[PDB]
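Participant: Chains as they are written, first to last, in this note's numbering: chain A, 1291 to 1377; chain B, 791 to 2060; chain C, 45 to 153. Don't be surprised by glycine CBs; every beta carbon is placed ideally from N, CA and C.
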Amino acid sequence: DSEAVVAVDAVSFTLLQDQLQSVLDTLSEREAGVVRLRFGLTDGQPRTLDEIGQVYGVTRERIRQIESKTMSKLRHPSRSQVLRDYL
Amino acid sequence: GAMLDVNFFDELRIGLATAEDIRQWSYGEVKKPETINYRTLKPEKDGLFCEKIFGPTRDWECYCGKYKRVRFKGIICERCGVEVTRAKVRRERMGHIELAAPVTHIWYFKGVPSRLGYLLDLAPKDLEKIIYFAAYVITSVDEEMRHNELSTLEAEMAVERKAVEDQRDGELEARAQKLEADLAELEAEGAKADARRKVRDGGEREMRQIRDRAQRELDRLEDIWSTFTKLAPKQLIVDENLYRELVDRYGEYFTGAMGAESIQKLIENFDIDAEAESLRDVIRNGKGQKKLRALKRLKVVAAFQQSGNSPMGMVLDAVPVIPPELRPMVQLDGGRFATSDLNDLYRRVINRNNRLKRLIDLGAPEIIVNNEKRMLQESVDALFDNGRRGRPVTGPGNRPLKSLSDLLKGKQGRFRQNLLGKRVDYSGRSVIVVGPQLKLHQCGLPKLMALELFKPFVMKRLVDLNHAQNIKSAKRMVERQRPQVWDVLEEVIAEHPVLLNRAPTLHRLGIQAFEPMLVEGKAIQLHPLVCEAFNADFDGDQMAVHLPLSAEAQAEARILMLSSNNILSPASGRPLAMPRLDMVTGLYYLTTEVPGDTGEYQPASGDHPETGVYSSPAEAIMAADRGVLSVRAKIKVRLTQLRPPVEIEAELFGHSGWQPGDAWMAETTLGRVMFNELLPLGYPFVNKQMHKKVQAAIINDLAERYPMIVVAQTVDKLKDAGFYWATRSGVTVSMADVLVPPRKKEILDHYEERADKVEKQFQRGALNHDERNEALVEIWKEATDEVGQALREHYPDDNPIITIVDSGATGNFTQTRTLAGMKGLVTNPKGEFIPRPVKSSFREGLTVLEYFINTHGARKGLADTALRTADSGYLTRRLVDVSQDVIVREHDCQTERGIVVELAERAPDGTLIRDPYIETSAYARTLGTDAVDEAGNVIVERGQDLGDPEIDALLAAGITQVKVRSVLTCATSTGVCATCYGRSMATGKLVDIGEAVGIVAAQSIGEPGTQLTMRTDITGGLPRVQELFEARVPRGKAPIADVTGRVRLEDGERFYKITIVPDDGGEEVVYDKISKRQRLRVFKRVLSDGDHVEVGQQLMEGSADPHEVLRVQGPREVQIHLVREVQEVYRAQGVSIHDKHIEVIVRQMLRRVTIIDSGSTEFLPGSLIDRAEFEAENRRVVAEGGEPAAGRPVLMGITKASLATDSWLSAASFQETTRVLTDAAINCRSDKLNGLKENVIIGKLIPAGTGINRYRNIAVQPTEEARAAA
Amino acid sequence: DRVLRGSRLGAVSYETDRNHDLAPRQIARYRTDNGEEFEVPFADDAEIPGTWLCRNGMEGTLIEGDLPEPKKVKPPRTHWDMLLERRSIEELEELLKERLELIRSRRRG
DNA sequence: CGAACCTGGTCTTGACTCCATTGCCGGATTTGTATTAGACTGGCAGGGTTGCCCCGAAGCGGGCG
DNA sequence: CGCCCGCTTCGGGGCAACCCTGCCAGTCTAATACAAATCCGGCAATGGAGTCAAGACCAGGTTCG
Ligand SMILES: [Mg+2]
Ligand SMILES: [Zn+2]
Ligand SMILES: [Zn+2]
């Protein structure tokens, strides 16, 4: 039955969620909130740039610059050496 | 009740489901015989896989994709119609079909009692004609319309028959007219006088056949009129033309149909109350055959009347559909598909239902619609049980299809294959080798297998030690097997018990728990002492390794099932960690004594002192390391740390003979000193020759008197010294060490001369063939014993063969006699003895014909072993299921009843000669009464363990009979108490309050059934035991007496006759059919004529019937006869079972009593009910109007006893799954989940051992003083 | 010539099983002819159809008084239609008069 | 001593790009139903195997109204 | 007088152990005519979502006259 649960990748997924929580919480509040709303972590549907600019009281261009700067931040080896083995 | 199954259950009620329940379970009606679209592989709409009916295939997705995530959950897509949810509801939602015409359920039509036939009082031959469109049935009729149209229609009938007779005499008149015409054209011209009457005879025969036709239709009209007068409901009408004539003449006055609709009409017009009251009247007043038939009917009629059930659910108006995930259409790799064999039956039912609906709406003649309805009926019957009625439905390749009942029946069902025994995870399997350096509680383990057993433990541990960043690289590190994972594996292995299985598991000691340790290679190393308990040699046997996970299972394997805690056996109480083959030979060589060896004790004078004494065993060991002392010479050492025996203790030290600084001289060998150093400090000096029975007695005493850890360490030391002295013993086999007797040829010639004399006398016709065969058999048996005697006296004592035999290591003297000497007589394919016998030994080499003669018995025994092993497995399976609900519940039932024990019967000269079977009939029990003698003091009081010192005290004080307490007379409600069961065999103390003594007793009885030989008209092996526990009437049925008095013997023609004269005013009891192959009973001499016999005296010779011996002597003697007869079979092979293992099964036999009077409370005459439930119902009925239901105790076999239990789940899981389940659903029997097998099925915690409420609810807290110290 | 690895035709995802919020939804009450009531929870913004195929197995209508009148199709083919496509009214009337005269001659002659 | 500066961001405005997303529309393919007028009229078909036991039903000897 | 109850015989259903090891079975009147349904290939309405260039600008480290 190939459609069953492999039962080691599920607990690896749980530990991946906790590790990603730690890595995202090592940053500030605006960055982690914009990232989680952008990629849809607290909810199923990912909020778009206009939605996050609405919920943050700004324009979408500031949201996009924040997104670009945080994605430039997260590719550091200090924030990548723990997440590299999860793919 | 519950529907989400929170594992909080107390009942499981089965019931006969109606159409209103069926269309309440179902979610949507399936109406098309399609499964899957052939091109896009999606489930079709309204098919057998429809996503609107059974739920969605994709997680949180509708069919048209309009709602595709969790935020739309619990809603229904307004276009497609699939409720959006998880995809696992395709395993739990059911559908249904709405049939165009009703259909009879096959379980209530075709059984061994047909329940529809017993309910409606119809013959099954008639029922198959009704419900399969073969014969009409009158479902209703009028009374008053028939009453007055009786007169008017008999006037109509007389009018019609008058017109019939008018046409008849009109034919007569036309015959007379044509006859006169023949007269005019015959008797006026020239013709033959016979030819002129040929036309007269032709007209006469024409009138005869005309009145023949008229009389036949007269018979037809009389038949239809008489049948219309005697019309009644439930009457079958075969002969279609008669029914059509009756209908189109008398369309009033009655209705009559054909098929399941007519059966449904009969069940409609039905009252159970007046029917059951008429049946009660018939069983009250009737007699003979009609009383038995009315009882068999009253069973099912009262079953339908008592509960809140309706009989209308035996017909079926709506079939339900099983969910599709239990009959999946899985595709393989590469597009190949696999159905599940129920889709074809469901598709056939769907096809024929749609075609019947179209035929009815189209308007078709009766032939096509009737054939279509019988086709639909046959299809539904084939769906429920293929192969029940008529030919089974075969698929491709002539294989019968797997119907719904075939998922349950037999060995491949859900019960015996997937519910009771499942494949488990965290497991392993490998071959075993002998590991003689391990301690007793250890086991070897290959690291390549323990790395896969302990994978998540080692994953967590090497994540914790920073050898990997996370679990993923740790798993890849385990898969690549990097050189640090072993260093982690030792830490995660240490102090973690594992279970080691061996298949087949005969008894309780087939699973023991060891401590593993890492061992190179790939073989599970085993301790050489658990081989006897496992019954495993090293010829390539494999053993499966399991693994506990939680703390409860780890403590269970550490405490309950550890290998160093099970030394004794639960069957007989003898040790099963005793020294086996090589250890026995080593200790026998180490402790034997040779007269005149190197450096003995010779008491000398003149030349020197004795030169045999020593200061200490250290000096003895130094003088044996130098070549002066042999180990087995009689020396006189002075010992300091070995405790002397009782004689020398009371002689030298008297009372305080504590050793470890004292000194005393001891004339022994060196070897017995080295042996007694193995045994502990408190043990007295043994000073014997260690035969295997002496080692059995030593370990038995040492395990009865000392703690268990001392016994385990002593057994380990004994294994070490036994192996080390087994190498140096010098037991080897060479063909110069197999000596032959010197006088073999003279003995063979002397017996050959007598064989020649017998053959010559047969040649001279003085005796027939059978007598000369018996004479030759006797002569050569005598010759075989003579050659064995001469061979026994020829050998020395230090021959390796005779040392291996006489030291009790292995083998017996018949094998040495066949090695050297004479093979003897060989059996036949039938079992006779060929009078040839083989005179060559296996050392001299046999010849061709002697080898070919030997092969008969060899192949016969080798086939019989495997057949008997399968039979013994079946018997153990029956006994475990029967005795499964006998567990200890209290500490003391406080009864005063108890059986007696013979216990060393009186010698006629006058002593107390000991009975041989005291170890298997009186040890380890509790004294039910006191024991006193000569109006003196009590020797053993009430309630003692009754071990060996108390037995010796009783025998020395000179009493013989005691009343002992046992589980036949235990007065607890559910299961036995604890003092009735007495001492447990495996521990040595009193049995606990949670033991499963029933399964222990069943395993201890059915384990050694493989070793039970058989013989060359009474059964004397395993089928004798099987006919005892099943309580059949035996083959050699010997009658017994029924009264005291003398006999009237008669030697009749080819069979005897025996009549017993009573000592009272009764008729003399006659026993007629007693064949001449039976012989008379011998007692004290053989039976004479006029001999005064007792009540329960066996008249003939053979096997008495247990059913009769219960009726004559009551339930006490039937316990004695059944226990003695089973023990007499098992002790023939030298196998000891304690009698408390047999009394458990006998107690489960004699539970229920029969009903011979109903009383006035709900008890049918002939229904077997429990002794507790029936006697409590007498308590309820002595009040509120007093009459007792009269009952007499019955004895029933084990298949008959286990099926009539209180749970329909344990009974259906045992045997005959259909016939148990079908009448459980009639009576609406509700299980209570109270036994032992049902908790195994539904997966809750069993009520035995550590599962009961005494032990499961223990509060564990630190004490208050240790709380303050932290 | 491969390994027996099966898969049911469908995927299994795993997302957050949260019940604290869902989409808002209505409940429509459908009624069949034989006195049955059924509840089908549609979403809020959903064009509720006037008819529905019920769980019982029969086409139930909606309990609000919509009265859609769907104007169903004709019954497909009759034996009368297959007779009329190959015969005419006067010929069928002629055979009717033929059988009428035959039953008259059988009845009274 | 003050003062430019230079650069973290913080944020907005405005233009640009680009790809989903329905919507017709025209045609392609896919699927379902109706209709064929000389005469034709009750199946091929495949095996029968054990042993033991229990029990329920058919049928026959034997008396009875 | 035919009618019906004890015996006997015949037949149907159930069971007959337990560990590995295994990986897929068949076939014969054949077309037209049409219509409805579904799909698919290709622009055409966007229009929103994102991308980029530039800049307005708040104000704290950083380096000169
Ligand atoms: Mg073996
Ligand atoms: Zn949908
Ligand atoms: Zn008791």
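1) Within 8 Å (strictly less), CB to CB, does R905/B reach chain C?
2) In the DSSP output, what is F1044/B paired with across the bridge?
3) State buried or exposed for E1858/B, treating a residue as buried only when at least 16 other CB atoms are found within 10 Å of its CB.
4) Residue ranges of each alpha helix (DSSP H) run of no fewer than 4 residues wholly in the stretch 1626-1693 of chain B, ordered along the chain?
5) Using a Cβ-based criterion (distance less than 7 Å to any ligand heavy atom), does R69/C qualify as near ligand 2?
6) Grab me the residues of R1633/B's own chain with a C-beta within less than 8 Å of its C-beta, minus the 5 sequence neighbours each way, in chain order.
7) Do you know how far the Cα of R143/C is from the Cα of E137/C?
8) So if DSSP puts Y1541/B in a beta bridge, which residue, or which two residues, is it bridged to?
9) Taking only runs that begin and end inside the stretch 1109-1163 of chain B, name each unbroken alpha helix (DSSP H) of 4 or more residues, in chain order.
10) Can you list the residues of chain A that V860/B reaches, using a CB-CB cut of under 8 Å?
11) Quick one, which residues of the stretch 802-831 of chain B are near chain C if we go by CB-CB under 8 Å, in chain order?
12) Can you give, in chain order, each stretch of the alpha helix (DSSP H) that sits fully within the stretch 1179-1257 of chain B and has at least 4 residues?
13) Specify which residues have a beta carbon nearer than 5 Å to any heavy atom of ligand 1, listing them in chain order.
14) Whose beta carbon lies closer than 6 Å to any heavy atom of ligand 3, going through the chain in order?
15) Among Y1040/B, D1061/B, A890/B and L2026/B, which one has its Cα closest to the Cα of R1145/B?
16) Specify whether the stretch 1157-1172 of chain B and the stretch 1126-1143 of chain B touch according to this definition: at least 3 beta carbon pairs, one from each stretch, less than 8 Å apart.
17) To the nearest angstrom, how far is it from the Cα of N2047/B to the Cα of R1292/B?
18) Which complete alpha helix (DSSP H) runs does the stretch 1050-1119 of chain B hold, if anything under 4 residues is left out?
19) Please return the same chain residues whose Cβ sits closer than 7 Å to the Cβ of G1103/B, not counting the five positions on each side in sequence.
20) Rounded to a whole number of angstroms, what is the C-alpha to C-alpha distance between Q1793/B and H1297/B?
21) Find the nearest neighbour of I1783/B within the set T2040/B, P1435/B and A1725/B, judged by alpha-carbon distance.
22) List the residues that DSSP assigns as beta-bridge partners of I1569/B.
23) Classify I1356/A as buried or exposed, calling it buried when 16 or more other Cβ atoms lie within 10 Å of its own Cβ.
24) With contact counted as at least three CB pairs below 8 Å, one residue from each stretch, are the stretch 1637-1645 of chain B and the stretch 1558-1575 of chain B in contact?
25) Which residues in the same chain have their Cβ closer than 8 Å to the Cβ of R859/B, if we skip the five residues on either side of it in sequence?
26) Throw me the rounded Cβ distance for the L1812/B and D1661/B pair, which I believe falls under 8 Å.
27) Alpha carbon to alpha carbon, what distance is there between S57/C and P846/B?
28) Below 6 Å CB to CB, which residues in the same chain sit around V931/B once its five sequence neighbours on both sides are set aside?
29) Find the residues of chain C that neighbour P892/B, judging by a C-beta separation of less than 9 Å, and give them in chain order.
30) Can you look up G1904/B in the DSSP assignment and give me helix, strand or coil?
31) Would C98/C be called buried (16 or more neighbouring beta carbons within 10 Å of its own) or exposed?
32) Determine, using beta carbons only, whether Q1259/B comes closer than 8 Å to chain A.
33) If we count the other Cβ atoms within 10 Å of its Cβ and call it buried at 16 or more, is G1614/B buried or exposed?
34) Determine the closest residue to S1950/B out of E1933/B, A1980/B and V1943/B, with distance taken between C-alpha atoms.
35) For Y908/B versus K1086/B, is the C-beta distance shorter than 8 Å?
36) Does DSSP classify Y1846/B as helix, strand or coil?
Facilitator: Concretely, from the data shown:
1) no
2) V931/B
3) exposed
4) 1638-1672
5) no
6) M1525, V1528, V1530, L1609 and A1610
7) 10 Å
8) For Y1541/B, which the question treats as bridged, DSSP gives no partner whatsoever.
9) 1133-1152
10) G1334
11) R813, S816, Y817, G818, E819, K821, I826 and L831
12) 1237-1243 and 1245-1254
13) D1327/B, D1329/B and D1331/B
14) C1683/B, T1685/B, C1760/B, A1761/B, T1762/B, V1766/B, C1767/B and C1770/B
15) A890/B
16) yes
17) 34 Å
18) 1050-1058, 1062-1075 and 1079-1096
19) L806, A807 and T808
20) 5 Å
21) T2040/B
22) Answer is none; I1569/B lacks a bridge partner.
23) buried
24) no
25) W850
26) 6 Å
27) 13 Å
28) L1021, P1023 and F1044
29) The contacting residues do not exist; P892/B stays about 17 Å from chain C at best.
30) helix
31) buried
32) yes
33) buried
34) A1980/B
35) yes
36) strand
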